[PDB]
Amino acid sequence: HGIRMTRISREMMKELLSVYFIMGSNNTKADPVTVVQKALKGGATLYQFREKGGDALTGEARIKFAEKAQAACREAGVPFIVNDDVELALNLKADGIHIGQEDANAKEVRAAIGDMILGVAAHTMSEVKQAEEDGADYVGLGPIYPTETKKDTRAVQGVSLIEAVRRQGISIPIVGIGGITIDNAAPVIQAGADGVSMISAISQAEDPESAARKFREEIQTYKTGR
């Protein structure tokens, strides 16, 4: 994955969303970069650098951690997506940026990043359609299930929005997020999602590599079966 000179295709974007690992240093008790490396080795298809909050690294320390995580992704041949930080994404030549509703304006971000991958968090039909109109390459829908990893969370919606979006004929790449585990991932794909994203199921697993591998196998099976 080099410098993109064209918008990513729907097909490729959907493949990348399969097992979307998201992590910051405060999401694990182990060595951060090591966990990322293990998740990639196990089979994560996309990684999002999400380092924020009172327990996260800041300044130069955060930037250096970002560089190492990006290096790990490059070694695994997996794209590196930055959460919220547009400047960081541009400075590191990340493969993409993921933003939320409270964040900035998707239209503005799309203009600033050229043909880089753009993900937008959406919780309602209106937000999903607006994200598509603004030029997002994918939307993250959730919380699907209960989760404490992110406290300022919206109401749990199961796979309701995913189904609604598909029923309306919207084909934008979708990834589910929120309390997803190997045990409850299948229904997310069955509802019409193109993959699952998670933090704790992998970051806090006693065996992150095996957890990621189990996810990879499960998701592939269900994509073929739907």
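Each form is matched to the other, and the largest set of C-alpha atoms that superpose within 1.5 Å is called the rigid core. Residue numbers run from 1 along the displayed sequence.
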More shifted region, core-based fit in 5 other deposited structures of this protein, 51 to 59 vs 38 to 46 by CA
51 to 59
I'd like to know whether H123, which is modelled here, goes unmodelled in a third or more of the other compared entries that cover its flanking residues.
no
Other compared entries missing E148, a third or more
yes
49 to 57 or 35 to 43, whichever carries the higher mean Cα B-factor
49 to 57
With respect to the recorded C-alpha B factors, which stretch has the higher mean value, 93 to 101 or 124 to 132?
124 to 132
Lowest, middle or highest third - CA B-factor, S171:
highest
By the recorded C-alpha temperature factor, relative to the other modelled residues in its chain, which third is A164 in?
highest
Quick tally, chain-level thirds of C-alpha B-factors: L118 sits in the lowest
Could you look up the Cα B-factor of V109 in the entry and say which third of the chain it sits in: lowest, middle or highest?
middle
By its CA B factor, does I177 count among the lowest, middle or highest third of the modelled residues in the chain?
middle
